[PDB]
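What follows is each chain in one-letter form.
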Amino acid sequence: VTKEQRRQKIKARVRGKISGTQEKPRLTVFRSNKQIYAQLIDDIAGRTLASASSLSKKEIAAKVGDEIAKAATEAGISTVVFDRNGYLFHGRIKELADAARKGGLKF
Amino acid sequence: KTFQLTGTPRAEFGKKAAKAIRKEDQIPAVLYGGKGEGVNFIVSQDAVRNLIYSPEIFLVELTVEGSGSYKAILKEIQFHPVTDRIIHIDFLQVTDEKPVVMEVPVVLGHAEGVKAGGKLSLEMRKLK
Amino acid sequence: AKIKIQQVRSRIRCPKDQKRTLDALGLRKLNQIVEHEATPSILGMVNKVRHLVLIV
Amino acid sequence: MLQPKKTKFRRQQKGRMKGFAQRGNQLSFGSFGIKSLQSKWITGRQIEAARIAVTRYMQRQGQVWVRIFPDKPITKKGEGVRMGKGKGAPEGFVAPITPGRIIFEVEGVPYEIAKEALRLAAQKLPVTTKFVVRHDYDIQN
Amino acid sequence: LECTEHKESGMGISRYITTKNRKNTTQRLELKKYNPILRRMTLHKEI
Amino acid sequence: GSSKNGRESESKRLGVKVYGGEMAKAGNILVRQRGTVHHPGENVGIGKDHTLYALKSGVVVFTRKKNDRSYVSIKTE
RNA sequence: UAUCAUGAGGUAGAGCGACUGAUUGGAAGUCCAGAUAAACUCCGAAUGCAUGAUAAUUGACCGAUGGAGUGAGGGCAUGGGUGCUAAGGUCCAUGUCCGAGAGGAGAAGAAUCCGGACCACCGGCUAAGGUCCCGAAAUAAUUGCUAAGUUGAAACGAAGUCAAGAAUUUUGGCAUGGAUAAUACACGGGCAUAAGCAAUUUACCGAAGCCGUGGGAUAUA
RNA sequence: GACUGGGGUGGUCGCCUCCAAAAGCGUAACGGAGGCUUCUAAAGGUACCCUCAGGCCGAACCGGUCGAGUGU
RNA sequence: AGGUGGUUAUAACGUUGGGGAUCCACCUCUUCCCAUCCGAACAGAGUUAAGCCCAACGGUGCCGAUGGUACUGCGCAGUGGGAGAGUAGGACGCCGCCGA
Ligand SMILES: [K+]
Ligand SMILES: [K+]
Ligand SMILES: [K+]
Ligand SMILES: [K+]
Ligand SMILES: [Mg+2]
Ligand SMILES: [Mg+2]
Ligand SMILES: [Mg+2]
Ligand SMILES: [Mg+2]
Ligand SMILES: [Mg+2]
Ligand SMILES: [Mg+2]
Ligand SMILES: [Mg+2]
Ligand SMILES: [Mg+2]
Ligand SMILES: [Mg+2]
Ligand SMILES: [Mg+2]
Ligand SMILES: [Mg+2]
Ligand SMILES: [Mg+2]
Ligand SMILES: [Mg+2]
Ligand SMILES: [Mg+2]
Ligand SMILES: [Mg+2]
Ligand code: NA
Ligand code: NA
Ligand code: NA
């Protein structure tokens, strides 16, 4: 068992429930050993509507979440849905989600 | 180690056509292999003295009246379950590239051997 | 176009689906002739009752 | 007896032999053989009698193969037993065969008396047979 | 071994019918279920 | 002698009730099955006994995917 | 009912180093090669079924109400179980006929072949099957085979005879031996060397079927 | 009491699963095989996290390649 | 050289060779967030060997004709349907979105 198949299993389980549409789009978050990414996706035509990235680091993650919220408000997205994307909802994931909540992104 | 066979083109297909061809004391045959397309033709039972024969007799130089001439080997023969007559023949066209696979009789330590048309790739025959 | 179908054999001992096909064609008597457009549906009925009819 | 040591079910429905054999109709492993021209059930007693007949001849050279195995159980009712009330007493095993199926085959033997040994075997069977030879065999051994 | 017992302490009355294995649970069950009179309340066994 | 057999149970009338291409209404039963022989898709629910039913009206669609898994969905509007 | 379009199958067949259970050699594993199954499946039809749209066709499909009878079935064909791959046996399924159905051929037969009778006729055409006499219509024409009066049941033997081949040998056509009990026996009979068998062509006979003529009745328009 | 290849003797009588069943549903036999007359305070609900069973190697244990369980 | 999808593996597995200002990954440390006997995983604050990506190989797996044959509808071998296996061969993916 490697981290790739572990995270693929978790991703499949989460995508079992979560899905995004033209309203209420999916909010994927990528975390690496350094930097972080966030992406807002419509899972019908496979079109991403907004994104943010990094380009401690809890502040960096919160700034990334606030930037994603700013992009969502610029593009006109009120409600979203957020998927764990293979990561336990704790640490940087929790901080980014809290920052996106403190911004717009009514979810 | 070189046979000569003649054939005539086949047009109709299906079980009715095959029954008519076999009632005229003939065998449907197909030649395929290499690149490009293949051909479907008619062989005669009397014209065949190849499969009912002790040695390999490969390199069946074929002349079909609907096309040119070729060289091939016995690839598949279909027999009747009861009368044990031939009902269908399939030929593998042989080219100088990608040497063919053959089965060659053994002696005692000697074989028939093959180098022209088929460079290599023998398997066995009557290993006992 | 128009084709003529004539019943030449009896419907006795024929299955009910064939009897109903004869009715749908409009043949109720022996040596009866009906005239129909040669549509694929009509041709299918004629195919179903081919052993009882003649194209005249 | 020639029969399996175990079977999942002790009983079997009498099937229906339908057409010609599409497998086991060509001669592998050997040179001469006999094919059946009819559809029938073949008992182990008949098989053993035929093999004993074919092996009393031919001395002990060559090799003999039987290519059918009896694995279908059959029953019989009995004397004074009326119809109904389930299946009867077991009565052995049979092999169902169709036309074109090779029963017996021989190898390593001259043709002229292989033709006689196989006929001796075929006279102890309830089916009409046909002698077959390999389609590569030559007269000079 | 299995038996039917009732939940009580309503508010008319509120009862819930339910089975329990006595040898597995010698004690008395206590679950907060509901009261159609007002709202949620604890309900205990022994009828 | 006697037979130790002779028992059976009543048949459960399983199978596909609404085939692909038909029109279904909300609550219509589509498939009776033992286990997910077919799986639910869009606007199709599954019950306690793995019964497939339509959440919305529309047209029944049968589709196959990897592992040759069959899915049943309702196409509306 | 037919055509088209869409959909789900796991039967026939097939295959089983694609599983489970059997099986064969093999060279307790393993490798290679046979092969098997109602309660095996990596596969997988033809038909059947469902929905929709057209066409043809009746007309009787559906609701509600008045009146019932039936709830001992049977034969044949197909798919099966059972039995002994027995029974004019028995139990299911799909059709059909007798039941409740007359007429024609098969000598004479409930359901095999042809064919569904409103009544009359001293009219005509056909179906199955026939055209030497009993008995309606060809002792018609042409081409072969049979010599057994065969004609109008098997393993297994000579091969009597014709025909087609291959390198003794195969192959089919027609015959022949195997071929068998008790009131007298059979092509229905006479009888026939064709008036037997196989093929083709044309005329003709042939039913209560169809047409014609006269006369009624019952409904839908 | 009834069923019953006459009756008696024996066996059977309600429910569940497979085959008979002929690729929709349904379909008989004193046809071929088996089970039930319960259980769980978690063996229910939910969030999160894991992956059997087997063969070789080395000595219940470390590592590398393809049936187990689901109370009955 | 990342992420995120639609296409039932013609898309998977394997073998061999090539990769680094930064993209990913390995990589040091457990004080607090959290966590298992074990910071191995989960949780945070010198590298291209390996994961990963690129390419070549028809090897292991997948796909797979034409013809023939089996089977089959029509209450007849006349009129229709038509496999499975196998043999040729095909194949080391294709269509998007965001990012730098
Ligand atoms: K007679
Ligand atoms: K006369
Ligand atoms: K029991
Ligand atoms: K084909
Ligand atoms: Mg059942
Ligand atoms: Mg079968
Ligand atoms: Mg059916
Ligand atoms: Mg009664
Ligand atoms: Mg009755
Ligand atoms: Mg009877
Ligand atoms: Mg019978
Ligand atoms: Mg009566
Ligand atoms: Mg009647
Ligand atoms: Mg009569
Ligand atoms: Mg006349
Ligand atoms: Mg008359
Ligand atoms: Mg009349
Ligand atoms: Mg009684
Ligand atoms: Mg069914
Ligand atoms: Na029953
Ligand atoms: Na195929
Ligand atoms: Na194949």
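Residues numbered from 1 in each chain as written, not as in the entry; some residues may be left out. Chains lettered and ligands numbered in written order. Part of a larger assembly, values for the part shown. Heavy atoms only, no water. Residues with missing side-chain atoms left out of burial classes, pairs and counts.

Chain B is annotated in the PDB entry as Large ribosomal subunit protein bL25 from Porphyromonas gingivalis. The UniProt entry for chain B carries the following comment under Sequence similarities: "Belongs to the bacterial ribosomal protein bL25 family. CTC subfamily." (UniProt positions renumbered as here; feature names shortened; annotations may be inferred.)

Per the PDB entry, the recorded name for chain A is Large ribosomal subunit protein uL18, and the organism is Porphyromonas gingivalis.

A. Quick peek at the overall build of chain A. Each helix and strand in chain A was counted, giving 3 helices and 4 strands. Taking 107 residues into account, the globule formula puts the C-alpha radius of gyration at 13 Å, and chain A, at 13 Å, falls close to it. Once the C-alpha set of chain A is aligned to its principal axes, its extents read approximately 40 × 35 × 20 Å. (Helix = DSSP H or I, 4+ residues; strand = E, 2+ residues; numbered from the N terminus. Rg over C-alpha atoms; globule rule 2.2 N^0.38 Å.)

B. Quick peek at the pairing of strand β2 (residues 26–32) of chain B. All names here are of chain B. Two strands pair when backbone bridges link them, and β2 and strand β3 (residues 39–44) are joined in this way by 6 bridges, in the antiparallel orientation. Directly across from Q26, in β3, lies its bridge partner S44. Counting the residues that bridge the hairpin from β2 to β3 gives 6 residues, and of these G33 lies at a positive phi of roughly 140 degrees. Summarising the sheet, β2 and strand β7 (residues 86–93) pair through 4 bridges and their orientation is parallel. Residue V30 lies in a different strand from β7, and its bridge partner there is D90. (Pairing = 2+ DSSP bridges.)

C. Structural view of the sheet that holds strand β1 (residues 15–16) of chain F. Residues and elements named next belong to chain F. What the 4 strands build is an open sheet, ordered β1-β3-β6-β5; its pairing is antiparallel. In this open sheet, the two edge strands, each paired with only one partner strand, are β1 and β5 (44–46). Bridging between strand β3 (residues 29–32) and strand β6 (residues 52–54) involves 2 bridges; their strand directions are antiparallel. Pairing of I29 across the sheet is with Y53, part of β6.

D. Summary view of the interface of chain B and chain D. Taken residue by residue, the interface counts 9 residues in chain B and 13 residues in chain D. When grouped by side-chain class, the residues that make up the side of chain B that touches chain D number 6 nonpolar, 3 polar and no charged. (Contact = heavy atoms within 4.5 Å. Nonpolar A, V, L, I, M, F, W, Y, C, P; charged D, E, K, R; others polar.)

E. Region of the structure containing the sheet that holds β7 of chain B. Residues and elements named next belong to chain B. Pairing is mixed in the open sheet, where 7 strands are placed in the order β5-β4-β1-β3-β2-β7-β6. Strands with a single pairing partner mark the edges of an open sheet, and in this sheet they are β5 (69–70) and β6 (72–79). Of the pairings in the sheet, the one linking strand β1 (residues 3–9) to β3 comprises 2 bridges and is antiparallel in character. In the sheet register, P9 faces β3, and the bridge partner there is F41. Contacts from helix α1 (residues 15–23) reach β2, β3 and β7 within the one sheet, and its direction differs from that of β2 by about 120 degrees. (Axes fitted to C-alpha atoms, helices over the stretch in contact; angles between N-to-C directions.)

F. Looking closely at the pattern of salt bridges. A salt bridge links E48 of chain D to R51 of chain D, with the shortest nitrogen-to-oxygen separation between them at 2.5 Å. You can see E48 of chain D and its partner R51 of chain D sitting in helix α1 (residues 44–56), 3 residues apart, about one turn around the helix. Across the pair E8 of chain E and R15 of chain E runs a salt bridge, and its minimum N-O distance is 2.9 Å. Taken together, the salt bridges that share partners define one network made up of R15, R26 and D43 of chain A. (Salt bridge = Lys/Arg side-chain N within 4 Å of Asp/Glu carboxyl O.)

G. Local environment of the arrangement of the chains. By number of contacts, the leading pair among the 2 pairs of chains in contact is chains B and D. Across all C-alpha pairs, the smallest distance from chain A to chain E is 29 Å, and the two are not in contact.

H. Molecular detail of the packing of aromatic side chains. On the numbers, 6.0 Å between centres and 55 degrees between planes, the contact of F32 of chain D with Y111 of chain D is tilted. A residue pair is termed long-range when its members are at least 10 positions apart, and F32 of chain D in strand β1 (residues 32–36) and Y111 of chain D in helix α2 (residues 111–122) qualify at 79 residues. Here the aromatic rings of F32 of chain D and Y137 of chain D are separated by 5.2 Å at their centres, their planes lie at 80 degrees, and the arrangement is edge-to-face. Taken together, the residues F32 of chain D in strand β1 and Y137 of chain D in the segment after β7 (129–133) connect sequence positions 105 residues apart. Taken together, the aromatic side chains of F32, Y111, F131 and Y137 of chain D make up a single cluster linked through ring pairs. Over the ring of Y16 of chain E we find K33 of chain E; its NZ or CZ atom is 5.1 Å from the centre of that ring. Above the plane of the ring of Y71 of chain F lies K65 of chain F, whose end atom (NZ or CZ) is 5.2 Å from the centre. (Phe/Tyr/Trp six-rings, centres within 6.5 Å; stacked < 30°, edge-to-face > 60°. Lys NZ or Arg CZ within 6 Å of the ring centre and 35° of its normal.)

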